[PDB]
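Protein chains in written order, with the deposited numbering: chain A, 1 to 439; chain E, 6 to 28, 44 to 82; chain B, 1 to 273, 280 to 358, 367 to 436; chain F, 1 to 102, 125 to 136, 144 to 151, 162 to 173, 180 to 231, 235 to 362, 373 to 378. We treat Cβ as the ideally placed atom computed from N, Cα and C, and that holds for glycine. In what follows, a single structure is set out as structure tokens and then discussed.
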Amino acid sequence: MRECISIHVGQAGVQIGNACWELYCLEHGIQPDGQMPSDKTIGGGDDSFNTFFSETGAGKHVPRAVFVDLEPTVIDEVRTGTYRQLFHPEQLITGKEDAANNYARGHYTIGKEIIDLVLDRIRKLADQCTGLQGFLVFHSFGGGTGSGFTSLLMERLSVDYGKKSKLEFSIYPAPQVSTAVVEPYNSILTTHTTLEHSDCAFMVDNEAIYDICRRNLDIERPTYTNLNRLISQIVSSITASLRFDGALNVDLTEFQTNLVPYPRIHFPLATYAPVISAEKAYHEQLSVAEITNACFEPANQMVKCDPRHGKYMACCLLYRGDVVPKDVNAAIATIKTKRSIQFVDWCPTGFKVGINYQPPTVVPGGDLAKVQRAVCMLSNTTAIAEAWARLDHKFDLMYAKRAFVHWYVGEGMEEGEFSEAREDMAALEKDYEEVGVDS
Amino acid sequence: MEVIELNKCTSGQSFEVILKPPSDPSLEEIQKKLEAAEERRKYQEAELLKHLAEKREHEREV
Amino acid sequence: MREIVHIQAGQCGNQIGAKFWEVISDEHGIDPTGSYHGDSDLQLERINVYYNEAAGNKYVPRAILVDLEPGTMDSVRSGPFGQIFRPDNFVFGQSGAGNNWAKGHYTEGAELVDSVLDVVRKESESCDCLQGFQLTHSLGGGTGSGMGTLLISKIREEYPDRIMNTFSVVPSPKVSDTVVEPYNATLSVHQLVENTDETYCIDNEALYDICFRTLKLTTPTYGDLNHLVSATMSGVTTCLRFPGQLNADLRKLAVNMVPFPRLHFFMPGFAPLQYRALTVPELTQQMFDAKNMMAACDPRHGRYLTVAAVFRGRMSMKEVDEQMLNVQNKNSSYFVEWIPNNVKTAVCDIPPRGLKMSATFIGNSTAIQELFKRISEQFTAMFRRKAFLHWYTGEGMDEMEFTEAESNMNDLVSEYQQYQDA
Amino acid sequence: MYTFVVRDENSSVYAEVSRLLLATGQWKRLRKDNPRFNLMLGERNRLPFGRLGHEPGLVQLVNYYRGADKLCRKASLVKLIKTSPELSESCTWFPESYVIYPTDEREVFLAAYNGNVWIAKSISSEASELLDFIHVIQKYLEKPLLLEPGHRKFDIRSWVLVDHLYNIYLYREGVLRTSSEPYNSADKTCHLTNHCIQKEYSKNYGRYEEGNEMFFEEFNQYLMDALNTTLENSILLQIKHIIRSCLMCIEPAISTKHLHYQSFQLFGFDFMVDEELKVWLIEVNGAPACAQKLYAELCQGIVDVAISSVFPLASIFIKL
Ligand SMILES: Nc1nc2c(ncn2[C@@H]2O[C@H](COP(=O)(O)OP(=O)(O)OP(=O)(O)O)[C@@H](O)[C@H]2O)c(=O)[nH]1
Ligand SMILES: Nc1ncnc2c1ncn2[C@@H]1O[C@H](COP(=O)(O)OP(=O)(O)CP(=O)(O)O)[C@@H](O)[C@H]1O
Ligand SMILES: Nc1nc2c(ncn2[C@@H]2O[C@H](COP(=O)(O)OP(=O)(O)O)[C@@H](O)[C@H]2O)c(=O)[nH]1
Ligand SMILES: Nc1nc(NCc2ccc3c(c2)OCO3)cc(-c2cccc3[nH]ccc23)n1
Ligand SMILES: Nc1nc(NCc2ccc3c(c2)OCO3)cc(-c2cccc3[nH]ccc23)n1
Ligand SMILES: Nc1nc(NCc2ccc3c(c2)OCO3)cc(-c2cccc3[nH]ccc23)n1
Ligand SMILES: [Ca+2]
Ligand SMILES: [Ca+2]
Ligand SMILES: [Mg+2]
Ligand SMILES: [Mg+2]
Ligand SMILES: [Mg+2]
């Protein structure tokens, strides 16, 4: 058994963490007090779920997780909510004053005063691991803390755990649910600073999750609770292989091996189906072929982009529920004969397929319907670079006028860091073009 | 098409399907960078407070 | 605990301050004795932003009351909510400032400023986590203008990383007490340019035109103008005073609203300005209408750097988004193309007293240069003949200081013009 | 009002479309980089498709299909024809063609050594002249239909509009772009038919018809009088079949049905007609201009079927 440590940074990271850990508890049969009656080994064990939960002598199953925000208001809800008993207080770290949507305040000014405490609490968890694999880091691109503190933290984890894999779950900014003009600055600044420290990063565009909630869950104005429950379904699909018995993606290293041949091009596109409303009173259940087909519709992607106009470097399919290989292979043959799936020449054209028999779990009284089978596709396609283009365009528009730059300079960041990060983004777009397109 | 590396357990199975074959920073550096930023902050604060001390001296002259 | 410290200086500042406190005290269910008699925990959930908790389970405004003359603070103490203020927070001299910025800033005011700062420090010291300061004052008189900007300068010196926000009533010849108002206003704007993060330009010209033209009041009093000011201020502090979706402090708001440090002067607006319930299209159209703006400036003569819209009441967020998008898409040329997504929307479920639905508007528009041009012209018309200068040089000011203030304000105008043509 | 932006200053067709849209009251033109547009009239080169469809509350439409370049370049068209089973190497309605670079079909084409006249493009019978010319090598149609009066070659331009729903609309007016020199088997003036090339190097530029352009009414009259058939029966059935087969081939690759932004595009198909009244595809142009006389009508059709269909205000086409 090999442990995974989850780190939730800033508002978005903390609330998504809440949704994920709630869902993991329901999937593993762990109650809000931490007891797991199905676990017959009291106070220890080397089961697959112990990759994410440790055990006390009293039978309490404790997430291997640290929550970190620079203001206290979001983590206090965890401290007083349904799962308050799940987490030890030393796992929940708050400052007094936040980064005000300012990367420089998160990374330099405020981050400098909490980083050692955070690394110490992380060390406390690591000392409880017998074979630490690495970290799952949850954060927004747009917040001052999610961007700047997260990048500071990633640098320090590279120093203190240089052999260990690090995965990100990153919330990409959308004007439909966000209230800040400077999110493009922070996103570009954090991606630049975190790139060579992250082995694999799953970006979730709030615009895509928003539209999925509106279209498929019939929600007029999705809230964070809706968005985070859907995101948590996708995260759970991704981590299920680390948390249950199985032979695919059983270690953090395998995500990079299977999905990332170019270390900088380490942003796989996630596509999830089916998303069905709990209120929909007549639902005809969807077959393997239909949901695997859904995997190739942009409307179901976590980032809106068009994979037909790029190239695949890797692709794999994580099924949950009633799925046998024969139906998967028939679906793939059909889709190959019907759709535009072009791989780069130096990677084989192929799918790695994982199937977990336990059906997807849903939150009782939630917005999602229980389904007999679901799938998450993780594909490394150059088309995801469209999101970088959008972000870079917005950066160029503001930076040409130096709009808002003084807030960052006044926290001690230099203007050169803006153009260094932006140059690095230009080189990233170039990498994706060279891999993905022909004259 | 070709199905390889079929693994199976009670909780599921995995496999691979091929449709076609092919064809650093130190802790010292981080500390220096953070301290340089903090020095810039301190510098801006000192410029502000110097400007305000100039204002106080003008007020006394008035 | 995100505490704000409030300061009101001079006659105008203290009257509009008082209206602000009575209005928000009513919204939070606090009576004149400081007792809570509301119906909903949301009223108390973020009460500590503006109110301290006392022993008698009393909520006391975090408010400092300053003037160089006693008159207005006796009127405050006798006013309807006057008992709610902390007695030690009344800091008043005896001399007055005679509508003279130099008296407020350099002579009479300097004698009192230390005692005002002591009370500020005593309030801040007991703050869990002071976010910053708001000041109410006029720019046309002597105490709010001269001593207020002195206070602002000292607060900046002692709390240099805290947000300083003002609600600043800008003079107009249409509603004028003395001829020297443009001098006092020009000297003050320079100070605000240097030492505030956000300044709401509340123009007595605009408040007058609203009371007269729209509200059909033939003889508007200061009370009628201050009713608009207090309702606007309530609107603009809603997003931090009541529970909801936003995790903000004055610094995050400032960072979202202020793209260049000197260009931090906002046009406020309010809708509606009658029993017919107002549809979301009607609120949206009226809040963007020149006629609802409180800094008599035509927004069609400039461009919006940033806009915040705050809606209060029970309404469809879908419908709000659709109408806000409609106004942006149909009027795209008045919003700078080089700040993407520069219109932000907040909704608070709790409406103000009496209205079912309302909207408050905060615009960072380059059209605000018109206000400063106005003042500059009135300044120059006198200063080219040195008229009334002896009132100021007799308190020790040199002509040179006036020339520099005039230059600073013409530069501010030029900066607004640079970004309007970009 | 609907709002639009213009990003290709050299498009005649869309300059006229723009002027038409303005003369409604309900469309406003914006500066080329304002993102709050309903409609982009995009540039020909490196149109930023990745930035479309991300403006809350705006339905966004663009006058180009991303990926249509595959159809509108000689090498990509040859590859698409040869490699798509719905088309196949034995397409019969496309001339035998081979990709040659200066996956190079040099030897594969050489195997077609042995009517051996070929054309290289991006005209001779010895291969060495052509392969020493550096592109695609294509079988040159040695027996073209020659109009009696003047014994002269021509080509047919058809305009085709594909809307956001992937309806394929064939404009009822085509044009024949003729030579006005006799065709000779023996000097690229009797062999070619470009509008510019005839209005310059070729002597007689207007003798038989205005601007070397003949329209369907005249050409139909000629086919009735000379060959005793119609344009519809003898030629247009084949044109419609070819256009439909080409666009149905790429539909899965480029459709905007389930995408977050919508697309339409105007295409220019160029055909050759041989002496057996067999139609051959020569060219697909992704940014065509129009013959002067038909601008007004065609551009109005674009507004009616392509733009107002998505953005409605308060038939010249045949649906294929
Ligand atoms: N999907 C999702 N996105 C969120 C959530 N909360 C905030 N965001 C997004 O995150 C961005 C704002 O970043 P925050 O996480 O709130 O900022 P922060 O990391 O807490 O840093 P501070 O500025 O110090 O508060 C915006 O783009 C929001 O759309 C959430 O719960 N779910
Ligand atoms: N295989 C072939 N057989 C006979 N004639 C041919 C031919 N290929 C091309 N031509 C002649 O050459 C002319 C121009 O060729 P082509 O279509 O490649 O030019 P082009 O790239 O400019 C497209 P357009 O000029 O219509 O915009 C055609 O009009 C036709 O008369
Ligand atoms: N809107 C408004 N303006 C006021 C009020 N009282 C005074 N003013 C304006 O403020 C200026 C006079 O300043 P004042 O506050 O009386 O001077 P001070 O008390 O010495 O600072 C003039 O422009 C007046 O029009 C008020 O209650 N409301
Ligand atoms: N960069 C920056 N920010 C400013 N205001 C916000 C802020 C407050 C506290 C901060 C901070 C930033 O950074 C950390 O502490 C003002 C200025 C400025 C400089 C020089 C001359 C000036 N005349 C008017 C303004 C100004 N410059
Ligand atoms: N209001 C305001 N803010 C400022 N911010 C900068 C800042 C940086 C780091 C900080 C900080 C503040 O606070 C603690 O750390 C500058 C100024 C200014 C104006 C006018 C003339 C001036 N000459 C020098 C300065 C100054 N004025
Ligand atoms: N700058 C700014 N904006 C405001 N409006 C609302 C808003 C909502 C969401 C936003 C946003 C702005 O910007 C990013 O997301 C109010 C204020 C204010 C000023 C002075 C004193 C104050 N006490 C409480 C509040 C406040 N200051
Ligand atoms: Ca166990
Ligand atoms: Ca005295
Ligand atoms: Mg936060
Ligand atoms: Mg007065
Ligand atoms: Mg061509």
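Continuous beta strand (DSSP E) stretch holding residue i: start and end
i: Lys377/F; result: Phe375 to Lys377
i: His6/B; result: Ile4 to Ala9
i: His61/A; result: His61 to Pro63
i: residue 275/B; result: The model contains no atoms for residue 275/B, which sits in the stretch where chain B goes from 273 to 280 directly.
Counterpart residues of residue i in DSSP-defined beta bridges
i: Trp27/F; result: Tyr2/F
i: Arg282/B; result: According to DSSP, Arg282/B bridges with nothing at all.
i: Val236/B; result: DSSP lists no partner for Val236/B.
i: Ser163/F; result: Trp147/F
i: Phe351/A; result: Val22/E
i: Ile330/F; result: Answer is none; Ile330/F lacks a bridge partner.
i: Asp318/F; result: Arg202/F and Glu331/F
i: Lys13/E; result: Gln18/E
i: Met164/B; result: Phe133/B
7 Å Cβ cut-off: residues of chain B touching residue i
i: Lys75/E; result: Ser153
i: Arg36/F; result: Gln334, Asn335 and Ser338
i: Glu97/A; result: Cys129
Secondary structure of residue i, DSSP reduced to three states
i: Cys295/A; result: coil
i: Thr241/F; result: coil
i: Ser250/F; result: coil
i: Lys216/B; result: coil
i: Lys70/E; result: helix
i: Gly13/B; result: helix
Beta-carbon neighbours of residue i, restricted to chain A and to distances below 8 Å
i: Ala436/B; result: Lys401
Chain-ordered chain F contacts of residue i [CB-CB under 8 Å]
i: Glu328/B; result: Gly57
i: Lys304/A; result: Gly53, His54 and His308
Cβ-Cβ distance between residue i and residue j below 9 Å
i: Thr374/B; j: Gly223/B; result: no
i: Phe49/F; j: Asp306/A; result: yes
i: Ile238/A; j: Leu378/A; result: yes
i: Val258/B; j: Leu225/B; result: no
i: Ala354/F; j: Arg44/F; result: no
i: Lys60/A; j: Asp211/A; result: no
i: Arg80/E; j: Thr109/A; result: no
i: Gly148/A; j: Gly111/A; result: yes
i: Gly141/B; j: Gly109/B; result: no
Per-residue contacts from residue i into chain B (C-beta, under 8 Å)
i: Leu30/F; result: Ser338 and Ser339
Start and end residues, alpha helix (DSSP H) containing residue i
i: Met425/A; result: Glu415 to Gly436
i: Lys198/F; result: Note, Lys198/F: premise wrong, no alpha helix (DSSP H); not H, not E.
i: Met154/A; result: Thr150 to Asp160
i: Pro325/A; result: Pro325 to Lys338
Chain-ordered neighbours of residue i on chain E, where CB pairs are closer than 9 Å
i: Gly410/B; result: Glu81 and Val82
i: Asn102/A; result: None at all; the shortest Cβ gap to chain E is about 12 Å.
Interface residues of chain E facing residue i [CB-CB closer than 8 Å]
i: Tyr312/A; result: The premise fails here: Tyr312/A is roughly 11 Å from chain E at the closest Cβ pair, so nothing lies under 8 Å.
Proximal residues of chain B, C-beta to C-beta of residue i below 9 Å
i: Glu65/E; result: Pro160 and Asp161
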